[PDB]
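Dumped entry_23.csv below, it's CSV, N, CA and C atoms:
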```
chain,number,residue,atom,x,y,z
A,1,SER,N,-9.3,29.5,6.0
A,1,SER,CA,-8.2,30.7,5.8
A,1,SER,C,-7.8,31.1,7.2
A,2,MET,N,-7.0,32.1,7.2
A,2,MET,CA,-6.5,32.6,8.6
A,2,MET,C,-7.6,32.8,9.6
A,3,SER,N,-7.5,32.1,10.8
A,3,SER,CA,-8.4,32.1,11.9
A,3,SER,C,-9.9,31.6,11.5
A,4,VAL,N,-9.9,30.8,10.5
A,4,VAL,CA,-11.2,30.2,9.9
A,4,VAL,C,-10.9,28.8,9.6
A,5,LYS,N,-11.4,27.9,10.5
A,5,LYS,CA,-11.2,26.4,10.4
A,5,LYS,C,-12.4,25.6,10.4
A,6,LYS,N,-12.6,24.7,9.5
A,6,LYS,CA,-13.5,23.6,9.6
A,6,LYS,C,-13.3,22.8,10.9
A,7,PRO,N,-14.4,22.2,11.5
A,7,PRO,CA,-14.3,21.4,12.7
A,7,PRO,C,-13.2,20.3,12.6
A,8,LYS,N,-12.4,20.1,13.8
A,8,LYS,CA,-11.3,19.2,13.8
A,8,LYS,C,-11.7,17.7,13.8
A,9,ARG,N,-11.7,17.1,12.7
A,9,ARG,CA,-11.7,15.5,12.5
A,9,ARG,C,-10.6,14.8,13.4
A,10,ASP,N,-11.0,13.8,14.2
A,10,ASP,CA,-10.1,13.2,15.2
A,10,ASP,C,-9.2,12.2,14.5
A,11,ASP,N,-7.9,12.6,14.4
A,11,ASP,CA,-6.9,11.8,13.7
A,11,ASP,C,-6.0,11.0,14.7
A,12,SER,N,-6.3,11.0,16.0
A,12,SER,CA,-5.4,10.5,17.1
A,12,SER,C,-5.2,8.9,17.0
A,13,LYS,N,-6.2,8.3,16.5
A,13,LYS,CA,-6.1,6.8,16.2
A,13,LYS,C,-5.7,6.4,14.8
A,14,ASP,N,-5.3,7.3,14.0
A,14,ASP,CA,-5.0,7.0,12.6
A,14,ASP,C,-3.8,6.0,12.5
A,15,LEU,N,-2.7,6.3,13.3
A,15,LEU,CA,-1.5,5.5,13.2
A,15,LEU,C,-1.8,4.0,13.6
A,16,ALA,N,-2.6,3.8,14.7
A,16,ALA,CA,-3.0,2.5,15.1
A,16,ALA,C,-3.9,1.8,14.1
A,17,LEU,N,-4.8,2.5,13.5
A,17,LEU,CA,-5.7,2.0,12.6
A,17,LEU,C,-5.0,1.6,11.2
A,18,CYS,N,-4.1,2.5,10.7
A,18,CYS,CA,-3.3,2.1,9.5
A,18,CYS,C,-2.5,0.8,9.8
A,19,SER,N,-1.9,0.7,11.0
A,19,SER,CA,-1.1,-0.4,11.4
A,19,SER,C,-2.0,-1.7,11.3
A,20,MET,N,-3.2,-1.7,11.8
A,20,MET,CA,-4.1,-2.8,11.7
A,20,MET,C,-4.5,-3.2,10.3
A,21,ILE,N,-4.8,-2.2,9.4
A,21,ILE,CA,-5.0,-2.5,8.0
A,21,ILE,C,-3.8,-3.2,7.4
A,22,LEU,N,-2.6,-2.7,7.7
A,22,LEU,CA,-1.4,-3.2,7.1
A,22,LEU,C,-1.1,-4.6,7.6
A,23,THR,N,-1.5,-4.9,8.9
A,23,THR,CA,-1.4,-6.3,9.4
A,23,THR,C,-2.3,-7.2,8.6
A,24,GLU,N,-3.5,-6.8,8.3
A,24,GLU,CA,-4.4,-7.6,7.6
A,24,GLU,C,-4.0,-7.8,6.1
A,25,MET,N,-3.3,-6.8,5.5
A,25,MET,CA,-2.8,-6.9,4.2
A,25,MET,C,-1.6,-7.9,4.2
A,26,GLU,N,-0.7,-7.8,5.2
A,26,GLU,CA,0.4,-8.7,5.4
A,26,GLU,C,0.1,-10.2,5.6
A,27,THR,N,-1.1,-10.5,6.1
A,27,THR,CA,-1.5,-11.9,6.5
A,27,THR,C,-2.4,-12.5,5.4
A,28,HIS,N,-2.9,-11.7,4.4
A,28,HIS,CA,-3.7,-12.2,3.3
A,28,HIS,C,-2.9,-13.2,2.5
A,29,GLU,N,-3.5,-14.3,2.1
A,29,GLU,CA,-2.8,-15.4,1.4
A,29,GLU,C,-2.2,-14.9,0.0
A,30,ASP,N,-2.7,-13.8,-0.6
A,30,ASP,CA,-2.2,-13.4,-1.8
A,30,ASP,C,-1.2,-12.2,-1.7
A,31,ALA,N,-0.7,-12.0,-0.5
A,31,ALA,CA,0.3,-11.0,-0.2
A,31,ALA,C,1.7,-11.3,-0.7
A,32,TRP,N,2.0,-12.6,-0.9
A,32,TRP,CA,3.4,-13.0,-1.2
A,32,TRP,C,4.1,-12.2,-2.2
A,33,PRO,N,3.5,-11.7,-3.3
A,33,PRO,CA,4.3,-10.8,-4.3
A,33,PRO,C,4.8,-9.5,-3.8
A,34,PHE,N,4.2,-9.1,-2.6
A,34,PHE,CA,4.3,-7.7,-2.1
A,34,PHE,C,5.0,-7.6,-0.7
A,35,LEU,N,5.4,-8.7,-0.1
A,35,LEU,CA,5.9,-8.7,1.3
A,35,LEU,C,7.3,-8.1,1.4
A,36,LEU,N,8.1,-8.2,0.4
A,36,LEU,CA,9.4,-7.7,0.4
A,36,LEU,C,9.7,-7.0,-0.9
A,37,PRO,N,10.8,-6.1,-0.8
A,37,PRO,CA,11.1,-5.4,-2.1
A,37,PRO,C,11.5,-6.3,-3.2
A,38,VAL,N,11.1,-6.0,-4.4
A,38,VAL,CA,11.5,-6.7,-5.6
A,38,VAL,C,13.0,-6.6,-5.7
A,39,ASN,N,13.7,-7.8,-6.0
A,39,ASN,CA,15.2,-7.8,-6.0
A,39,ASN,C,15.7,-7.2,-7.4
A,40,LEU,N,16.2,-6.0,-7.3
A,40,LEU,CA,16.5,-5.3,-8.5
A,40,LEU,C,17.8,-5.8,-9.2
A,41,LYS,N,18.6,-6.6,-8.5
A,41,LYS,CA,19.7,-7.3,-9.2
A,41,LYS,C,19.1,-8.5,-10.0
A,42,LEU,N,18.1,-9.2,-9.5
A,42,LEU,CA,17.6,-10.4,-10.1
A,42,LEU,C,16.4,-10.4,-11.0
A,43,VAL,N,15.8,-9.2,-11.2
A,43,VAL,CA,14.6,-9.0,-12.0
A,43,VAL,C,14.9,-8.0,-13.1
A,44,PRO,N,15.3,-8.6,-14.2
A,44,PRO,CA,15.5,-7.7,-15.4
A,44,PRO,C,14.3,-6.7,-15.7
A,45,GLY,N,14.7,-5.5,-15.9
A,45,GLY,CA,13.8,-4.4,-16.3
A,45,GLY,C,13.2,-3.6,-15.2
A,46,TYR,N,13.2,-4.2,-14.0
A,46,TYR,CA,12.4,-3.6,-12.8
A,46,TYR,C,12.9,-2.2,-12.4
A,47,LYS,N,14.3,-2.1,-12.3
A,47,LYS,CA,14.9,-0.9,-11.9
A,47,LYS,C,14.7,0.2,-12.8
A,48,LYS,N,14.8,0.0,-14.1
A,48,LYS,CA,14.6,1.1,-15.1
A,48,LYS,C,13.1,1.5,-15.3
A,49,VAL,N,12.2,0.5,-15.3
A,49,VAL,CA,10.8,0.7,-15.5
A,49,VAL,C,10.0,1.3,-14.3
A,50,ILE,N,10.3,0.8,-13.2
A,50,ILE,CA,9.5,1.2,-11.9
A,50,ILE,C,10.2,2.2,-11.1
A,51,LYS,N,9.8,3.4,-11.3
A,51,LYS,CA,10.6,4.5,-10.9
A,51,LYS,C,10.6,4.7,-9.3
A,52,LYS,N,9.5,4.2,-8.7
A,52,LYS,CA,9.3,4.3,-7.3
A,52,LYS,C,8.8,2.9,-6.7
A,53,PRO,N,9.8,2.0,-6.5
A,53,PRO,CA,9.4,0.6,-5.9
A,53,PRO,C,8.8,0.8,-4.6
A,54,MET,N,7.8,-0.1,-4.2
A,54,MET,CA,7.2,0.0,-2.9
A,54,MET,C,6.8,-1.4,-2.5
A,55,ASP,N,6.8,-1.8,-1.3
A,55,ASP,CA,6.3,-3.1,-0.8
A,55,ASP,C,5.8,-3.0,0.6
A,56,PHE,N,5.2,-4.0,1.1
A,56,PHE,CA,4.6,-4.0,2.5
A,56,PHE,C,5.6,-3.8,3.6
A,57,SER,N,6.8,-4.5,3.4
A,57,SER,CA,7.8,-4.3,4.5
A,57,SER,C,8.4,-2.9,4.6
A,58,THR,N,8.5,-2.2,3.5
A,58,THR,CA,9.0,-0.8,3.4
A,58,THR,C,7.9,0.1,4.0
A,59,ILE,N,6.6,-0.2,3.7
A,59,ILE,CA,5.6,0.6,4.3
A,59,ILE,C,5.6,0.4,5.8
A,60,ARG,N,5.7,-0.8,6.2
A,60,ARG,CA,5.8,-1.1,7.7
A,60,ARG,C,6.9,-0.4,8.4
A,61,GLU,N,8.1,-0.3,7.8
A,61,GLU,CA,9.2,0.4,8.4
A,61,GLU,C,8.9,1.9,8.4
A,62,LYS,N,8.3,2.5,7.3
A,62,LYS,CA,8.0,3.9,7.3
A,62,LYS,C,6.9,4.2,8.4
A,63,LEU,N,5.9,3.4,8.5
A,63,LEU,CA,4.9,3.6,9.5
A,63,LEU,C,5.4,3.6,10.9
A,64,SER,N,6.2,2.6,11.2
A,64,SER,CA,6.8,2.4,12.5
A,64,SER,C,7.8,3.5,12.9
A,65,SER,N,8.3,4.3,12.0
A,65,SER,CA,9.4,5.3,12.2
A,65,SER,C,8.9,6.7,12.0
A,66,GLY,N,7.6,6.9,12.0
A,66,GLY,CA,7.0,8.3,11.8
A,66,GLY,C,7.3,9.0,10.5
A,67,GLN,N,7.4,8.2,9.4
A,67,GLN,CA,7.6,8.8,8.1
A,67,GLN,C,6.4,9.0,7.2
A,68,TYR,N,5.2,8.6,7.8
A,68,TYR,CA,3.9,9.1,7.2
A,68,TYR,C,3.4,10.4,8.0
A,69,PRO,N,3.3,11.5,7.2
A,69,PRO,CA,2.7,12.7,7.9
A,69,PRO,C,1.2,12.6,8.2
A,70,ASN,N,0.5,11.8,7.4
A,70,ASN,CA,-0.9,11.7,7.6
A,70,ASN,C,-1.4,10.4,6.9
A,71,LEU,N,-2.7,10.1,7.2
A,71,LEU,CA,-3.2,8.8,6.7
A,71,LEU,C,-3.3,8.8,5.1
A,72,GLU,N,-3.4,9.9,4.4
A,72,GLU,CA,-3.4,9.9,3.0
A,72,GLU,C,-2.0,9.5,2.4
A,73,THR,N,-0.9,9.9,3.0
A,73,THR,CA,0.4,9.5,2.5
A,73,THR,C,0.6,8.0,2.6
A,74,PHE,N,0.0,7.4,3.6
A,74,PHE,CA,0.0,6.0,3.8
A,74,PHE,C,-0.8,5.3,2.7
A,75,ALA,N,-2.0,5.8,2.4
A,75,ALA,CA,-2.8,5.2,1.3
A,75,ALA,C,-2.0,5.3,0.0
A,76,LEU,N,-1.3,6.4,-0.3
A,76,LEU,CA,-0.7,6.6,-1.5
A,76,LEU,C,0.4,5.5,-1.7
A,77,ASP,N,1.2,5.2,-0.7
A,77,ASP,CA,2.2,4.1,-0.8
A,77,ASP,C,1.5,2.8,-1.0
A,78,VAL,N,0.4,2.5,-0.3
A,78,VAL,CA,-0.2,1.2,-0.5
A,78,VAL,C,-0.7,1.1,-2.0
A,79,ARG,N,-1.3,2.1,-2.5
A,79,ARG,CA,-1.8,2.1,-3.9
A,79,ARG,C,-0.6,2.0,-4.9
A,80,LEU,N,0.5,2.7,-4.6
A,80,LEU,CA,1.8,2.5,-5.3
A,80,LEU,C,2.2,1.1,-5.5
A,81,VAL,N,2.1,0.2,-4.5
A,81,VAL,CA,2.4,-1.2,-4.6
A,81,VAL,C,1.6,-1.8,-5.7
A,82,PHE,N,0.3,-1.5,-5.7
A,82,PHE,CA,-0.6,-2.1,-6.8
A,82,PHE,C,-0.5,-1.5,-8.1
A,83,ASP,N,-0.2,-0.3,-8.2
A,83,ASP,CA,0.1,0.4,-9.5
A,83,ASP,C,1.3,-0.1,-10.1
A,84,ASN,N,2.4,-0.3,-9.3
A,84,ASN,CA,3.6,-0.9,-9.8
A,84,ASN,C,3.4,-2.3,-10.3
A,85,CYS,N,2.6,-3.0,-9.6
A,85,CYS,CA,2.3,-4.5,-9.9
A,85,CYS,C,1.6,-4.4,-11.3
A,86,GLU,N,0.6,-3.6,-11.5
A,86,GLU,CA,-0.1,-3.5,-12.8
A,86,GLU,C,0.8,-3.1,-13.9
A,87,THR,N,1.7,-2.2,-13.6
A,87,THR,CA,2.7,-1.7,-14.7
A,87,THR,C,3.6,-2.9,-15.2
A,88,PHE,N,4.0,-3.8,-14.4
A,88,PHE,CA,5.0,-4.8,-14.7
A,88,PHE,C,4.4,-6.2,-15.0
A,89,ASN,N,3.2,-6.5,-14.6
A,89,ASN,CA,2.6,-7.9,-14.6
A,89,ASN,C,1.3,-7.9,-15.5
A,90,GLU,N,1.3,-8.9,-16.3
A,90,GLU,CA,0.0,-9.1,-17.1
A,90,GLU,C,-1.1,-9.4,-16.1
A,91,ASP,N,-2.3,-8.9,-16.4
A,91,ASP,CA,-3.5,-9.2,-15.6
A,91,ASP,C,-3.8,-10.7,-15.5
A,92,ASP,N,-3.6,-11.5,-16.6
A,92,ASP,CA,-3.8,-13.0,-16.6
A,92,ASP,C,-2.4,-13.6,-16.2
A,93,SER,N,-2.0,-13.4,-14.9
A,93,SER,CA,-0.9,-14.0,-14.3
A,93,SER,C,-1.2,-14.2,-12.9
A,94,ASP,N,-0.5,-15.0,-12.1
A,94,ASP,CA,-0.8,-15.2,-10.7
A,94,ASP,C,-0.5,-13.9,-10.0
A,95,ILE,N,0.6,-13.2,-10.3
A,95,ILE,CA,1.0,-12.0,-9.6
A,95,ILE,C,0.0,-10.9,-10.0
A,96,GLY,N,-0.4,-10.8,-11.3
A,96,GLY,CA,-1.3,-9.7,-11.8
A,96,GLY,C,-2.6,-9.9,-11.0
A,97,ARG,N,-3.2,-11.1,-10.9
A,97,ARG,CA,-4.4,-11.4,-10.2
A,97,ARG,C,-4.3,-11.0,-8.7
A,98,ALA,N,-3.2,-11.4,-8.1
A,98,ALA,CA,-2.9,-11.1,-6.7
A,98,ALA,C,-3.0,-9.6,-6.5
A,99,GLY,N,-2.4,-8.9,-7.4
A,99,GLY,CA,-2.5,-7.4,-7.2
A,99,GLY,C,-3.9,-6.8,-7.2
A,100,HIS,N,-4.7,-7.3,-8.2
A,100,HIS,CA,-6.1,-6.8,-8.2
A,100,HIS,C,-6.8,-7.2,-7.0
A,101,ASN,N,-6.7,-8.5,-6.5
A,101,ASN,CA,-7.3,-9.0,-5.3
A,101,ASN,C,-7.0,-8.1,-4.1
A,102,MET,N,-5.6,-7.8,-4.0
A,102,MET,CA,-5.2,-7.1,-2.8
A,102,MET,C,-5.7,-5.6,-2.8
A,103,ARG,N,-5.7,-5.0,-4.0
A,103,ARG,CA,-6.2,-3.6,-4.1
A,103,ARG,C,-7.6,-3.5,-3.7
A,104,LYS,N,-8.4,-4.5,-4.2
A,104,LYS,CA,-9.8,-4.6,-3.6
A,104,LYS,C,-10.0,-4.7,-2.2
A,105,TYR,N,-9.3,-5.7,-1.6
A,105,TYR,CA,-9.2,-5.9,-0.2
A,105,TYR,C,-8.9,-4.6,0.6
A,106,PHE,N,-7.8,-4.0,0.1
A,106,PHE,CA,-7.4,-2.7,0.8
A,106,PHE,C,-8.5,-1.6,0.7
A,107,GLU,N,-9.1,-1.4,-0.4
A,107,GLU,CA,-10.0,-0.2,-0.7
A,107,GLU,C,-11.2,-0.4,0.2
A,108,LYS,N,-11.6,-1.7,0.4
A,108,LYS,CA,-12.8,-1.9,1.3
A,108,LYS,C,-12.5,-1.6,2.7
A,109,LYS,N,-11.3,-2.1,3.2
A,109,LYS,CA,-10.9,-1.8,4.6
A,109,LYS,C,-10.7,-0.3,4.8
A,110,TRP,N,-10.2,0.4,3.8
A,110,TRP,CA,-10.0,1.8,3.9
A,110,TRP,C,-11.3,2.6,4.0
A,111,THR,N,-12.3,2.3,3.2
A,111,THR,CA,-13.6,2.9,3.2
A,111,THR,C,-14.3,2.6,4.5
A,112,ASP,N,-14.3,1.3,5.0
A,112,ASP,CA,-14.9,0.9,6.2
A,112,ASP,C,-14.3,1.5,7.5
A,113,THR,N,-13.0,1.7,7.5
A,113,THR,CA,-12.3,2.2,8.7
A,113,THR,C,-12.4,3.8,8.8
A,114,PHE,N,-12.5,4.5,7.7
A,114,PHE,CA,-12.3,5.9,7.6
A,114,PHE,C,-13.4,6.8,6.9
A,115,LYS,N,-14.2,6.2,6.1
A,115,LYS,CA,-15.3,6.9,5.3
A,115,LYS,C,-16.7,6.5,5.8
```

Whole structure, structure tokens version:
Amino acid sequence: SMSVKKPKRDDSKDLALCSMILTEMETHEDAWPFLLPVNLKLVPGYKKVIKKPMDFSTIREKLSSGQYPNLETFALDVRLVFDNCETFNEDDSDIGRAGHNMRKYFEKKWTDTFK
């Protein structure tokens, strides 16, 4: 509350560390469904169904231009990518499996870097 603060957690390396995680997600062999925005002209149903499209290249541009206020807003966009994937793709599909794989990969790096 006013003039009453918990001890200051050091967030000065968060930008660099999120960038490293994102580089590892970019280079994973199962990243290919997530590298670029879904083409809304060429994929029937995507525009109407997926209210907030997100992909790794859009997160990379947001990260590089100071559009994440803190490390939690960064994780929310990464998780959005996977939530969108599960909304649109069957689990028993190459893309559906890729999304599960990458979500696991992310959540481990997240825990190990920050928790």

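For the choices A:1, A:78, A:42, A:109, the atom-to-atom distance to residue 55 of chain A is smallest for A:78 when using all atoms listed in the file.
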
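Using only C-alpha atoms for every distance, the candidate list A:107, A:112, A:83, A:92 yields A:83 as the residue closest to residue 34 of chain A.
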
Which residues come within 12 Å of residue 24 of chain A, counting only C-alpha atoms, excluding same-chain residues fewer than 4 positions away, as an MDAnalysis selection string?
-> chainID A and resid 17:20 28:31 56 102 105:106 108:110

Residue 100 of chain A surroundings by only C-alpha atoms, 9 Å radius, close-in-sequence under 2 positions cut, as number ranges by chain = A: 82, 85-86, 91, 95-98, 102-105

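Among A:50, A:41, A:16, A:22, the residue with the shortest atom-to-atom distance to residue 87 of chain A, counting all atoms listed in the file, is A:50.
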
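Comparing A:75, A:2, A:36, A:63 by their smallest distance to residue 111 of chain A, the closest is A:75 (using only C-alpha atoms).
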
Which polymer residues have any atom within 6 Å of an atom of residue 54 of chain A, counting all atoms listed in the file, with same-chain residues fewer than 3 positions away left out, as a CSV table (one decimal) with N, CA and C atoms, in the coordinates of the input?
```
chain,number,residue,atom,x,y,z
A,37,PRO,N,10.8,-6.1,-0.8
A,37,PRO,CA,11.1,-5.4,-2.1
A,37,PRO,C,11.5,-6.3,-3.2
A,80,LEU,N,0.5,2.7,-4.6
A,80,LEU,CA,1.8,2.5,-5.3
A,80,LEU,C,2.2,1.1,-5.5
A,81,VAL,N,2.1,0.2,-4.5
A,81,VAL,CA,2.4,-1.2,-4.6
A,81,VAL,C,1.6,-1.8,-5.7
```

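For the pair atom CA of residue 39 of chain A and atom CA of residue 52 of chain A, the separation is 13.5 Å.
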
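Candidate residues A:57, A:69, A:114, A:89 were compared for distance to residue 35 of chain A, and the nearest is A:57, using all atoms listed in the file.
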
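Distance-wise, atom CA of residue 23 of chain A and atom CA of residue 53 of chain A end up 20.0 Å apart.
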
Residue among A:26, A:88, A:8, A:15 lying closest to residue 65 of chain A, counting only C-alpha atoms = A:15

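Going from atom N of residue 62 of chain A to atom CA of residue 38 of chain A covers 16.2 Å.
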
Would you please give, as a ChimeraX atom specification, all residues of chain A that DSSP assigns to alpha helix (DSSP H) based on the backbone?
-> /A:14-27,46-49,56-64,71-88,94-114
